[PDB]
Amino acid sequence: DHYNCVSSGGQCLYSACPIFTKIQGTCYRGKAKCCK
Ligand SMILES: [Br-]
Ligand SMILES: [Br-]
Ligand SMILES: [Br-]
């Protein structure tokens, strides 16, 4: 979720995860990715 995402050093994004990151969680009732 957003809290764990940001806490552990990720970013919540609806779009694809940017270059040099990958999906490592979810945010926003499951509709966004946690990228890191
Ligand atoms: Br964020
Ligand atoms: Br992605
Ligand atoms: Br997460």
Side-chain angles (χ1 to χ4, degrees):
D1 68 359
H2 170 260
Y3 182 93
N4 284 335
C5 182
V6 178
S7 285
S8 54
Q11 189 174 49
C12 300
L13 295 170
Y14 286 92
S15 51
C17 281
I19 186 168
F20 305 123
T21 71
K22 71 193 181 188
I23 186 165
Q24 304 203 222
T26 69
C27 310
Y28 308 152
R29 307 296 189 242
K31 295 293 297 179
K33 310 173 184 66
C34 182
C35 306
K36 189 203 343 96

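Side chains included, hydrogens not; waters and symmetry mates left out as well; all remaining heavy atoms used. Numbers here are sequence positions counted from 1.
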Would you mind writing out the side-chain donor-acceptor pairs for residues 14-29 within the sub-3.5 Å range, not counting sequence neighbours?
residue, atom, partner, partner atom, Å
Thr21, OG1, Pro18, O, 2.8
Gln24, OE1, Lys36, NZ, 3.4

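The side-chain contact (heavy atoms from CB on, under 4.5 Å) search around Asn4 returns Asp1, not counting sequence neighbours.
When hydrophobic side chains of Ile, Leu, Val, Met, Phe, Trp and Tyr are connected at separations under 4.5 Å, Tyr3 ends up as a singleton with no cluster partners.
Nearest heavy atoms, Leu13 versus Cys35: CD1-SG, 4.0 Å.
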